[PDB]
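**Student:** This is the structure, below, for whatever I ask next.
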Amino acid sequence: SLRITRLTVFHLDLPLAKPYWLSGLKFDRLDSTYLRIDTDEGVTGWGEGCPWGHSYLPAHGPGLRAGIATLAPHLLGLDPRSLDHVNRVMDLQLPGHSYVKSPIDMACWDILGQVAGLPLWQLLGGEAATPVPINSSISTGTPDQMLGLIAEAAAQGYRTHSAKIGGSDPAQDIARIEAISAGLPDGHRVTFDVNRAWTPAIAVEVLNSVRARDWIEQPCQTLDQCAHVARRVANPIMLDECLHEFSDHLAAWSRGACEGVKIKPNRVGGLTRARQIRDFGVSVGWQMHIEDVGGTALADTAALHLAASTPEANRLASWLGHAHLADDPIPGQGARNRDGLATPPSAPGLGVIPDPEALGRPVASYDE
Amino acid sequence: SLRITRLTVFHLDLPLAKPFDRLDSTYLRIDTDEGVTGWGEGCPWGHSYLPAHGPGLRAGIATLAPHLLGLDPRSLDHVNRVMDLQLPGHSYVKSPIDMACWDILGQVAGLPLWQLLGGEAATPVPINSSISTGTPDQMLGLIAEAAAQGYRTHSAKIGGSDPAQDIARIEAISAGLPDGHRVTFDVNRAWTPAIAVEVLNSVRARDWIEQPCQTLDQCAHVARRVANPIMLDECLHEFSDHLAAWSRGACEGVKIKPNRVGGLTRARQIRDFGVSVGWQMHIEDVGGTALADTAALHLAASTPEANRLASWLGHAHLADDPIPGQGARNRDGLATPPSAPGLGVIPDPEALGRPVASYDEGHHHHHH
Amino acid sequence: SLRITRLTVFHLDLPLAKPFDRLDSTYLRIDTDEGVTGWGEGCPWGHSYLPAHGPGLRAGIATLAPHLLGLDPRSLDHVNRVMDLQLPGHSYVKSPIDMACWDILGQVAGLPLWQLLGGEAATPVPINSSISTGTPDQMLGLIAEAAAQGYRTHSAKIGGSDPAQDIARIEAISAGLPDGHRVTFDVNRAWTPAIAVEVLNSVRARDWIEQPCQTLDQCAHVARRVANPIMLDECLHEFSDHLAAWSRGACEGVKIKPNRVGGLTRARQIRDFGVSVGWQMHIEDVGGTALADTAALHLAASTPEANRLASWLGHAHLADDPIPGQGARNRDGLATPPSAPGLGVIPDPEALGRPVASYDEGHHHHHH
């Protein structure tokens, strides 16, 4: 009886606070898509898809909007409360393209929350709007630079740190790892994030040279390569970018490839798909970072609802995308960082409402 | 801010239509502070079928009651976590509690359960018959009678220590089906691997065989050696058993029963897993009234059609009805779940009788 | 020192002969500074068949265009590496780009593509028919018609939720073939493992079964349990999927489609792997005009005869032809690739219409 009536697509140019200079490109800004879903009864949901550029994952801004175009005729007329059904239709009408699917799913969850009068964290089964620890991002440099950046991060109140390492020089990674692990303040945690920059050979060489037993995030490009490394080294392994769908998680589990995963809605295709993965992780005793790939506090809030509803023993720190942006299109809205922690809203649905006058003029609109 | 205020336990002596001649059923009413009230049923098929019995169910509620009081029943995963913390195992105890909390959530949301479980419609679900064991043409008599009733799937009970009569049963039934109709051979753990191998490799029929043997290991052994699709049921008590079954490659379908697996929250995760791996599923409860039948039918109706087989209605086997004209009933071999908010069945406490237990919150200045 | 100078994108609305009633095809012209010009086609079979759609293809070219400009198109592996760096996945986008660079390389070398892919001759390749689903003798009518045309291999479309009609289809078609002729049963992911096991073990026919199920895991399960050769297709998106299929022992053949795998450079590696492990292969594209058909036929013709099965020509299903009298065409159920340098098909831009996009190199002192 409830029925999707209009889909409206907006495009946001979001400059980064720290641009960086790629070898192939000055990586300057993010191409975010906001999606508004209107229904016949005046309940309206919002979703965000914002890929981390077009080189990070199988995802890009222009493809996201092109994907919505293709899906739009089929989403019109659906009951947005029947969430698994909406996902089935999307998967029927456009296979893959999980980055297209995530803001559509997110906006339907928003509608369902408003209709039920429940915040997303409660629909996802959580007892409370649990404050979720936020991790810092420590850029690559010397031993002394990164450890100075860590002391800076600790002063802002971060207690979990993502130290960015990697490159095909093993000896400087060894010196980075051993300095950072030995020079942490008390109670603080590091993850060493390699972001696929190692081959199995380099991974085996550095990790077997090192006394540190901290988390290693996604050392290699593929699951096969990562599972190879895991058999040969002594560190906990966190997987992330190689995990595109549920069957990849099933594969990671049966190989014994990891002790933790990151879950990111824009990688896996929304909150419906991300919740199934979360629940699987709980069942098998994974520890999990739950965040999105990038963009505004809109996407950040969606994933933090999943993070907060996740049991304490399985939940690790979240990352907030909007902390790295220089602009804010939804000021004072959604889940924000105060003293190293972020709390999701308890308002029905997603609890963040964009003003369309802050967003510019719609790039596309679809109705029937 | 919604809270559980009272738990009330009812016990129902239900005579069977075809006489072990009666069932011990437990009804559970859960009251809240805002006057929304949920119902659940747990009814083991005797005490000898599963790790489950009537007296144990009420002792389990007794054990769990102090911990359920004061919980938010909309927070369904949290409620399941507390129950698992406070009484490990005992999934037959937890099934009615989780059922009644789903009921509350649906009423609070204004949504029927099949929609909360993601389905697009109150889909009419095919019902299967139970054909009791006899001679070939005794059972072939009973199938024609069931076909006359409007059953299009049939569950024929076979098994024994004697291979020759089970061969004659299978080949007669399978060749002498009416057109369009399906038969499942339910052996119900009666075979050893040896007999299963001899029977199934002497037989031209390639119909479903439901749980040939006692254990997962034994069933996986049979499956490697025979040509039939294998359906698993009684050996699967939690999600990890389903994971083990998939990794062994032991089956191509599972039966999902809320009283075996610990309720609807646990059954849904299993269902979603089964859809992911391409299982076909019978979704039904273990026994009892149309209350437990309806809860399972909401899950069945919300399942994709490619993965959904016929349901079994327990109440069809009873002489008594405590909830007349209510819930999901057989209409020409189909059953449609209700589309009222929540479960869509409300017992009258006058039809049930006097409560065997009641559990309440108490004042701090109270004196006897 | 050869450089890409311009990329021009054309969009072609192609009506189907038998009406979903049209195809969205993309033609791509790549110009160089030395005046040698290459063409590619990418045409997904609707948007619902693979992770692939028309609008996404052009958005993908848009994303990739700045990075392709100024590359040497003779350096084919390098071109594929840049594309993989700049847009991960999206193999349907990359297929026309790689195709057009092969075209350039062939013209530059003075060699037809089948020779650059190592083949001794423009070998005439057997073509297979498509037999749409019906009754047994409907499909047996359509096979006799295809036999009259000169088809000696037939791809009969089967599948459904109903085992009994698929059994009757298979046994009639397989027994009622004309002598010398081959049938492949293409189910196209329509079966669950349960139905696949029941159907294939009820059937005397030992013909090819093409992709019974949705996933690699599900197909590997069926193969362990049945007697037919299994052909894999839609589940294989990159080289690592083919490696996984071989290590699982899931199949005895694969279909290779350039639009699924990311073009000719990726298809060749797969082809060479398949020859090494003793696979038999159908080599064809996903759909579209004789442009994409010809590119696939160059690969098919260069394949050893022991490993090569029949090709399918997409253009045979279209009402329109944008490139008349050109490329590889059916002659009595055989097709010979051209022996002109490169691809051996040059579109006229006047027959296509006005370009939907164009991308160019720009001067540094330029002002609007």
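Residues in the structure tokens are numbered from 1 in each chain, the chains being A, B, ... in the order shown, and ligands are numbered from 1 in the order shown.
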Find the nearest atom pair between each residue of chain B and chain C for residues within 8 Å, count only C-alpha atoms, give distances in Å to one decimal, sort rows by chain and ascending number, and present the table as a Markdown table.
**Tutor:**
```
| residue | atom | partner | partner_atom | distance |
| --- | --- | --- | --- | --- |
| B:180 | CA | C:164 | CA | 7.8 |
| B:204 | CA | C:202 | CA | 7.7 |
| B:205 | CA | C:202 | CA | 7.6 |
| B:206 | CA | C:198 | CA | 5.5 |
| B:207 | CA | C:198 | CA | 6.7 |
| B:224 | CA | C:225 | CA | 7.5 |
| B:227 | CA | C:201 | CA | 6.5 |
| B:228 | CA | C:198 | CA | 6.6 |
| B:229 | CA | C:194 | CA | 5.6 |
| B:249 | CA | C:221 | CA | 7.1 |
| B:252 | CA | C:194 | CA | 5.1 |
| B:253 | CA | C:194 | CA | 7.1 |
| B:277 | CA | C:218 | CA | 7.1 |
| B:278 | CA | C:192 | CA | 5.6 |
| B:279 | CA | C:192 | CA | 7.0 |
| B:280 | CA | C:194 | CA | 7.2 |
| B:306 | CA | C:161 | CA | 6.6 |
| B:307 | CA | C:192 | CA | 7.9 |
```
**Student:** Hey, what's within 12 Å of residue 146 (chain B) if we count only C-alpha atoms and toss same-chain stuff fewer than 2 positions away? As a list in words, please?
**Tutor:**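 Using only C-alpha atoms, the neighbours found are residues 127, 128, 129, 130, 131, 132, 139, 140, 141, 142, 143, 144, 148, 149, 150, 151, 152, 153, 154, 155, 156, 177, 178, 181, 182, 183, 332 and 333 of chain B.
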**Student:** For chain A, which residue out of B:111, B:220, B:12, B:43 is the nearest one, using only C-alpha atoms?
**Tutor:**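 Looking only at the distances to chain A, the closest residue turns out to be B:111.
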**Student:** If you run DSSP on this backbone, which residues of region 173-270 of chain C come out as strand (DSSP E), and could you give them as a list in words?
**Tutor:**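 Output for region 173-270 of chain C, strand (DSSP E) only: residues 182, 183, 184, 185, 186, 209, 210, 230, 231, 232, 253, 254, 255 and 256 of chain C.
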**Student:** How about saving the chosen residues, N, CA and C atoms kept, as a CSV table (one decimal), in the first residue's frame?
**Tutor:**
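Listing of again_5.csv after writing:
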```csv
chain,number,residue,atom,x,y,z
C,182,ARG,N,25.1,-32.1,-32.2
C,182,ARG,CA,25.4,-32.0,-30.8
C,182,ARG,C,24.3,-31.0,-30.2
C,183,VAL,N,23.9,-31.4,-29.0
C,183,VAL,CA,23.1,-30.5,-28.1
C,183,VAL,C,23.7,-30.1,-26.8
C,184,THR,N,23.7,-28.8,-26.5
C,184,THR,CA,24.0,-28.3,-25.2
C,184,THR,C,22.7,-27.8,-24.5
C,185,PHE,N,22.5,-28.3,-23.3
C,185,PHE,CA,21.4,-27.8,-22.5
C,185,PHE,C,21.8,-26.6,-21.6
C,186,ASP,N,21.4,-25.4,-22.1
C,186,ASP,CA,21.7,-24.1,-21.4
C,186,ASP,C,20.6,-23.9,-20.4
C,209,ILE,N,25.8,-29.8,-19.9
C,209,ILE,CA,24.9,-28.9,-19.2
C,209,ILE,C,25.7,-27.6,-18.9
C,210,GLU,N,25.1,-26.5,-19.4
C,210,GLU,CA,25.7,-25.2,-19.3
C,210,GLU,C,25.1,-24.5,-18.1
C,230,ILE,N,30.0,-30.5,-17.4
C,230,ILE,CA,29.5,-29.2,-17.0
C,230,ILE,C,30.3,-28.1,-17.6
C,231,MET,N,29.6,-27.2,-18.2
C,231,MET,CA,30.1,-26.0,-18.9
C,231,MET,C,29.8,-24.8,-18.0
C,232,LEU,N,30.9,-24.0,-17.7
C,232,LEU,CA,30.7,-22.8,-16.9
C,232,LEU,C,30.8,-21.5,-17.8
C,253,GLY,N,34.5,-27.6,-19.3
C,253,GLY,CA,34.5,-26.6,-20.3
C,253,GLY,C,34.1,-25.2,-19.7
C,254,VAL,N,34.6,-24.1,-20.4
C,254,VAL,CA,34.1,-22.8,-20.1
C,254,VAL,C,33.7,-22.1,-21.4
C,255,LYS,N,32.6,-21.2,-21.3
C,255,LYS,CA,32.4,-20.2,-22.3
C,255,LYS,C,33.3,-19.0,-22.0
C,256,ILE,N,34.0,-18.5,-23.1
C,256,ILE,CA,34.7,-17.3,-22.9
C,256,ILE,C,34.1,-16.1,-23.7
```
**Student:** List the spatial neighbours of residue 101 (chain A) as a PyMOL selection string - criterion: any atom at most 12 Å away, only C-alpha atoms, same-chain residues fewer than 4 positions off excluded.
**Tutor:** chain A and resi 33+35+47-50+59+63-72+75+86-97+105-108+265-274
**Student:** Should the cut-off be 6 Å, what would the residue list for chain B against chain A look like, counting only C-alpha atoms, as number ranges by chain?
**Tutor:** B: 75-78, 109, 115, 118-120
**Student:** Let me see the file: selected residues, N, CA, C and O atoms, as a PDB file, in the first residue's frame.
**Tutor:**
```
ATOM      1  N   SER B  75      14.129  -4.605  20.693  1.00  0.00           N
ATOM      2  CA  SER B  75      15.549  -4.843  20.447  1.00  0.00           C
ATOM      3  C   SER B  75      15.861  -6.341  20.376  1.00  0.00           C
ATOM      4  O   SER B  75      16.390  -6.921  21.323  1.00  0.00           O
ATOM      5  N   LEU B  76      15.534  -6.954  19.240  1.00  0.00           N
ATOM      6  CA  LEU B  76      15.329  -8.402  19.160  1.00  0.00           C
ATOM      7  C   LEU B  76      16.608  -9.224  19.252  1.00  0.00           C
ATOM      8  O   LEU B  76      16.603 -10.310  19.825  1.00  0.00           O
ATOM      9  N   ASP B  77      17.690  -8.705  18.681  1.00  0.00           N
ATOM     10  CA  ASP B  77      18.988  -9.358  18.755  1.00  0.00           C
ATOM     11  C   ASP B  77      19.542  -9.313  20.175  1.00  0.00           C
ATOM     12  O   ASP B  77      20.057 -10.316  20.663  1.00  0.00           O
ATOM     13  N   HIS B  78      19.400  -8.162  20.835  1.00  0.00           N
ATOM     14  CA  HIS B  78      19.772  -8.012  22.243  1.00  0.00           C
ATOM     15  C   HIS B  78      19.026  -8.968  23.168  1.00  0.00           C
ATOM     16  O   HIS B  78      19.639  -9.580  24.040  1.00  0.00           O
ATOM     17  N   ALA B 109       5.367  -1.429  15.122  1.00  0.00           N
ATOM     18  CA  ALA B 109       5.682  -0.947  13.777  1.00  0.00           C
ATOM     19  C   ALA B 109       4.451  -0.760  12.873  1.00  0.00           C
ATOM     20  O   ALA B 109       4.502  -0.018  11.888  1.00  0.00           O
ATOM     21  N   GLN B 115       6.292  -8.980   6.295  1.00  0.00           N
ATOM     22  CA  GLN B 115       6.892  -7.753   5.790  1.00  0.00           C
ATOM     23  C   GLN B 115       8.155  -7.370   6.560  1.00  0.00           C
ATOM     24  O   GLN B 115       9.149  -6.965   5.957  1.00  0.00           O
ATOM     25  N   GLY B 118      10.776  -9.200   5.308  1.00  0.00           N
ATOM     26  CA  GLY B 118      11.273  -8.694   4.029  1.00  0.00           C
ATOM     27  C   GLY B 118      10.444  -9.029   2.798  1.00  0.00           C
ATOM     28  O   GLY B 118      10.758  -8.565   1.698  1.00  0.00           O
ATOM     29  N   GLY B 119       9.394  -9.830   2.972  1.00  0.00           N
ATOM     30  CA  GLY B 119       8.594 -10.332   1.848  1.00  0.00           C
ATOM     31  C   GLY B 119       7.685  -9.280   1.233  1.00  0.00           C
ATOM     32  O   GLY B 119       7.289  -8.328   1.906  1.00  0.00           O
ATOM     33  N   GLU B 120       7.353  -9.449  -0.046  1.00  0.00           N
ATOM     34  CA  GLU B 120       6.562  -8.446  -0.763  1.00  0.00           C
ATOM     35  C   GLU B 120       5.059  -8.570  -0.537  1.00  0.00           C
ATOM     36  O   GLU B 120       4.331  -7.579  -0.607  1.00  0.00           O
TER      37      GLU B 120
END
```
**Student:** Give me the residues near region 318-327 of chain A as a PyMOL selection string, where near means some atom within 9 Å (using only C-alpha atoms) and where sequence neighbours in that chain fewer than 4 positions away do not count.
**Tutor:** chain A and resi 14-18+29-30+132-137+289-301+303-304+307+335-337+342
**Student:** I'd like the interatomic distance between CA of residue 355 (chain C) and CA of residue 57 (chain A), to a tenth of an Å.
**Tutor:**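 The value is 29.5 Å.
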**Student:** Choose the residue, out of C:51, C:326, C:117, C:20, that has the smallest atom-to-atom separation from residue 98 (chain A); count only C-alpha atoms.
**Tutor:**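 Between C:51, C:326, C:117, C:20, the residue approaching residue 98 (chain A) most closely is C:51.
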**Student:** Using only C-alpha atoms, determine which residues lie at most 7 Å from residue 23 (chain C), disregarding the query and same-chain residues fewer than 5 positions distant; provide the list as a list in words.
**Tutor:**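 So the residues in contact are residues 13, 14, 15, 45 and 46 of chain C.
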**Student:** So that I can check the surroundings of residue 163 (chain A), please list as a PyMOL selection string every protein, DNA and RNA residue that reaches within 9 Å of it, counting only C-alpha atoms and ignoring chain neighbours fewer than 5 positions away.
**Tutor:** chain A and resi 136-140+146+150+177+180+190-194
**Student:** Based on DSSP run over this structure's backbone, return all residues of region 5-174 of chain B in helix (DSSP H, G or I), as an MDAnalysis selection string.
**Tutor:** chainID B and resid 54:68 76:86 91:109 113:116 136:149 163:174
**Student:** Calculated over only C-alpha atoms, which of the candidates B:135, B:208, B:360, B:99 has the smallest distance to residue 268 (chain B)?
**Tutor:**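 Looking only at the distances to residue 268 (chain B), the closest residue turns out to be B:99.
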